Amino acid sequence: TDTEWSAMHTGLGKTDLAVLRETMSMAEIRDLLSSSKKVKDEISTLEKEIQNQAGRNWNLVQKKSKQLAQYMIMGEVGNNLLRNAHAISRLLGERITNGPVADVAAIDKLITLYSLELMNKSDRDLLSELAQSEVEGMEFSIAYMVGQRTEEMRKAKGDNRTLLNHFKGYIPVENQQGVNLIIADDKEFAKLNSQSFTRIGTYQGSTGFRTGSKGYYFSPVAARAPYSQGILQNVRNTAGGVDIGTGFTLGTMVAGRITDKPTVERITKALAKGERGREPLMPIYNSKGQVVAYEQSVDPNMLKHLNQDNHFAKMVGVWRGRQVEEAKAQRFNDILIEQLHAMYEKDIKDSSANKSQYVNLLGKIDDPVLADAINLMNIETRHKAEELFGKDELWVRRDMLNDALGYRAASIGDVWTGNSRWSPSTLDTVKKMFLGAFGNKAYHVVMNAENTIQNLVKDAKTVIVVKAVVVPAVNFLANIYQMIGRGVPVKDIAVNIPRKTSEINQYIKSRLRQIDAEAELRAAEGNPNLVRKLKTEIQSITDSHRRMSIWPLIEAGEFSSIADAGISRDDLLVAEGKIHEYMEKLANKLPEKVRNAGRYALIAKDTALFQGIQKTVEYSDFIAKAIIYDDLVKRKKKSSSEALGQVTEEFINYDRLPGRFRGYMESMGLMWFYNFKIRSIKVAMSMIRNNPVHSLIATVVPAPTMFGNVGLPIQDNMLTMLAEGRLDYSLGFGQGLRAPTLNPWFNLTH
């Protein structure tokens, strides 16, 4: 029954029963579950033995082992929680101790025996009958948990920082498909005026940290954007429920994380007096026994709303299928190191003077923030690099390394804390660019810095126009962030987009007279006076085209694939910069019964407004390739044919991918989300070949749009509300300024 599967999940899984196989046979374990007196007898003899070794520290060892058993079952967090027996053996945060106070293995047995007594009486009765009538089934299930435990222990024992911080008795659990629970600030949430969230409680916090009023908000079943929920979306390996190397938690949800040195020392001596609150803070311990961070826990009662599943058979399959995926991503990083060594070998062989353009990564690092991230690098990749190069050797090209660190000149904040945003200088540069490219009216309704979009529309017809301008705006802004991340300087784009817009603008105007001068040539079959005038006119225009800076793109044909496919008078608005008014003109051609349906109106693929959006989208790609081509030629020193080779592999023709969704459904915003997804896959595949150093760095050095979920409550980006059809946001302030991640291997698989 479904109740028996849940009892087995709590008994075998959450109590870490696999640790008993070190000293007891499989038949003896089945005897413990069938007799409560045996459990009480084992505790009595185990307590006496540990008391002799512990000595005067017996009171503290007993207290901390009982507190841990409370968390593993009922989820309660006490004061100064120690997550495993390795930390309890050293009594971190209680007394200064130079080693294990007692036997680590003995303490492990006592902790899991204590938590076995905390289980429900009805729950224990179910396990007793199964252990007697299903002998062959129960033994096989126990053996699976032994295999799951060894893999985690193999990764955890590699580093001492993650050895003292991994959770004991961790087993995955999944929420209900569709629901969402977040913790948000009260004042910031009020101004959004969202109509899908309900406040279900308040966040009290602890007395050691002072902050603004917070609360819990819950969202019932709905439809969410793809690749935003249901997966961990983490680019780092996890052992024991925490990140390998740092010790930060990723298998659960926390309200925040504090890592700054001056602030952490402020919390430390405030909790020495005492702690009070429903949500105490959990510390993170160093290798020497100090404290390096703090975390904000979550009330266990608020997790009941998520309707979590605890099916033992299903969650083991999720556990093993996730360990395999982590192993494959680990092996991929080893092959990249082999390629980096092969390139370094040839250059030195050709000439001994080529070593002047290489930097030792594992050696001394001058940059402090860069150096700290290097130390916490995964230990499995460190040994592989040392195997090929030598003792503390990792040489990479200096020019390729500078590109991978071009993000830090424009971003501020810390990724782990969760407050990494663009610098105010960067925003004032991007904001002025969108106003010039798009219409002035469009800027007022899209990037309003005080009000959301839904608060600025008060007519049923204006909803259709507003929902159409969003799609080109998202594509225009997404490309700017993506090219900024890849090392292109900010000041280059700021001075080149107006230059390229002007060059493109005069192209259609000049092409307009040439596109119909052939009609006059057909009517010029006669006296040479008509021919003489036409011949000079057409040749003069073409000579002007030859001198344009974007000419090489024109000859390739990709720059004029759709320019010559159709000429209309209203399309001059797009080239001028009146996109918002260009949408109104095509909106009035809709039927009266459709225009007045507002957000309920279904737009067909045959209408003129539908094809107007597609024309504008390819007009944004008009400028994207122009900037990239200059970058690969001016500051990269590449041939005019090499640059055009790379451009063709990062853009696709959208006429081959019509929507394939149901009728009677608003699939306008969902179709463009999937189209933009495929183009991101091609970009990631190109970055691997043309920049092996950047791909390896992206999973080592924290950076915005480089790491996925960090354990904090799920946050959206610009690409998320586009697919969901919402309007309670704006692309100019707060949320909505975030861009999707750029990790190459992450995008290929997720």
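This deposited entry lists cryo-EM as its structure determination method and 2.8 Å as its resolution.

*Asks:* Would you take a moment to explain the packing of aromatic side chains for this structure?
*Replies:* How two aromatic rings sit relative to each other is set out by the distance from centre to centre and by the angle between their planes. One pass over the structure, following the stated rule, counts 22 aromatic pairs. For the ring pair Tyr 203 and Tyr 216, a centre distance of 5.9 Å and an interplane angle of 50 degrees mean the geometry is tilted. Here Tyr 203, found in strand β2 (residues 198-203), pairs with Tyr 216, found in strand β3 (residues 214-219); they are 13 residues apart in sequence, far enough to count as distant. Overall, the relative accessible area of 8% leaves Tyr 203 in the buried class. Relative to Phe 622, the ring of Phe 559 has its centre 4.6 Å away and its plane inclined at 25 degrees; by these criteria the two rings are stacked. Here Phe 559 is found in the loop between α21 (551-556) and α22 (572-576), whereas its partner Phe 622 is found in helix α25 (residues 608-634), with 63 residues between them in sequence. The pair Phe 559 / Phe 622 is uniform in exposure class, with both members buried. Among the aromatic residues, those joined into a ring-pair cluster are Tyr 344, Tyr 358, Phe 389 and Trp 395. Of note, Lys 677 hangs over the ring of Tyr 227, and the distance from its end group to the ring centre comes to 5.4 Å.

*Asks:* Honestly, the pairing of β3 in this entry has me stumped. Any pointers?
*Replies:* Looking along a regular strand, one sees the side chains alternate between the two faces of the sheet. Of all six residues in β3, six are buried, a share of seventy percent or more. Burial along β3 is two-sided: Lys 214, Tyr 216 and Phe 218 facing one way and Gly 215, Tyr 217 and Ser 219 facing the other are all buried. Here strand β1 (residues 180-185) runs beside β3; their pairing, made up of six bridges, is antiparallel. Considered in β3, the bridge of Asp 185 is made with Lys 214.

*Asks:* Before we go on, may I ask you to explain empty space enclosed by the protein in this structure?
*Replies:* Rolled over the atoms, a probe sized like a water molecule indicates the empty space that remains. For the coordinates displayed, the defined rule picks out twelve cavities of 30 Å³ or more. Lining the largest cavity, in full, are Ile 464, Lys 467, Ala 468, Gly 598, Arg 599, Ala 601, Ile 603, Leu 609, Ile 613, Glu 666 and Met 668. Counting residues per element, the ones that place at least two in the lining of the largest cavity are α18 (460-485) and α25. Considering every element that reaches the lining of the largest cavity, the biggest residue donor is α18, with three residues. A class-by-class count of the residues in the lining of the largest cavity yields seven nonpolar, one polar and three charged. A volume near 100 Å³ is recorded for the second largest cavity. At the level of secondary structure, the elements contributing two or more residues to the lining of the second largest cavity comprise α8 (135-156), β4 (238-239) and α12 (312-350). Among the elements that take part in the lining of the second largest cavity, α12 stands out by supplying four residues, more than any other.

Thresholds applied
Residues numbered from 1 in each chain as written, not as in the entry; some residues may be left out. Part of a larger assembly, values for the part shown. Heavy atoms only, no water. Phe/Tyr/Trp six-rings, centres within 6.5 Å; stacked < 30°, edge-to-face > 60°. Helix = DSSP H or I, 4+ residues; strand = E, 2+ residues; numbered from the N terminus. Buried < 20%, exposed > 50% of the residue type's maximum accessible area, 1.4 Å probe, protein only. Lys NZ or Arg CZ within 6 Å of the ring centre and 35° of its normal. Pairing = 2+ DSSP bridges. 1 Å grid on protein atoms, 1.4 Å probe; cavity = no way out; pocket = protein on both sides within 12 Å on 5 of 7 lines; lining within 4 Å. Points joined across faces, edges and corners; volume = space filled by probe spheres on them. Nonpolar A, V, L, I, M, F, W, Y, C, P; charged D, E, K, R; others polar.

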